[PDB]
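Undergrad: Going down the list, the sequences are from chains B and A. The first sequence runs 3583 to 3630 under PDB author numbering. The second sequence runs 3631 to 3679 under PDB author numbering.
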Amino acid sequence: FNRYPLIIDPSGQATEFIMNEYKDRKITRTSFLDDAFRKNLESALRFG
Amino acid sequence: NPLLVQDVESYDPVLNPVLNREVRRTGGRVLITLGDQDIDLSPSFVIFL
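#1: List the residues that DSSP assigns as beta-bridge partners of residue 3659(A).
#2: Quick one: what does DSSP say residue 3606(B) is sitting in, helix, strand or coil?
#3: Return helix, strand or coil for residue 3678(A), following the three-state DSSP convention.
#4: Bridge partners for residue 3668(A) per DSSP, in chain order?
#5: DSSP three-state label for residue 3588(B), please.
#6: Rounding to the nearest angstrom, what Cα-Cα distance links residue 3588(B) and residue 3626(B) in this structure?
#7: Give the single residue among 3665(A), 3671(A), 3672(A), 3669(A) whose Cα lies nearest to the Cα of residue 3642(A).
#8: Shortest alpha-carbon distance to residue 3651(A) belongs to which of 3662(A), 3668(A), 3631(A), 3667(A)?
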């Protein structure tokens, strides 16, 4: 991809596939509703 | 990078977290709170006074 992807997974296998694929790179799951979104986003912007 | 700092009689208290190794490990990186910003502390860093 060039633009960041938007995954549409009603059944929920792509989301777990993403966790497994990027687990080695310390992938973290967040949400737009969560208040920790700002700090989680900022941390990624600094350290991968 | 190794660093050598002279004139320790004018010691800057900013090194207090660095000298005390008040590091934070999270996400696989080592974080040091130098002043008010977080810096990824490379393991090869060494400082001499």
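Built from N, CA and C at the ideal position, the CB exists for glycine as well.
TA: So, from the listed chains and residues:
#1: Per DSSP, the beta-bridge partners of residue 3659(A) are 3656(A).
#2: Residue state, collapsed to three classes: helix.
#3: It is a strand residue.
#4: The bridge partners DSSP lists for residue 3668(A) are 3663(A).
#5: Of the three classes helix, strand and coil, the one that applies to residue 3588(B) here is coil, per DSSP.
#6: If I take the Cα positions, the gap works out to 18 Å.
#7: Of all alpha-carbon atoms in 3665(A), 3671(A), 3672(A), 3669(A), the one lying nearest the alpha-carbon of residue 3642(A) is that of 3665(A).
#8: Of 3662(A), 3668(A), 3631(A), 3667(A), the smallest CA-CA separation from residue 3651(A) is found for 3662(A).
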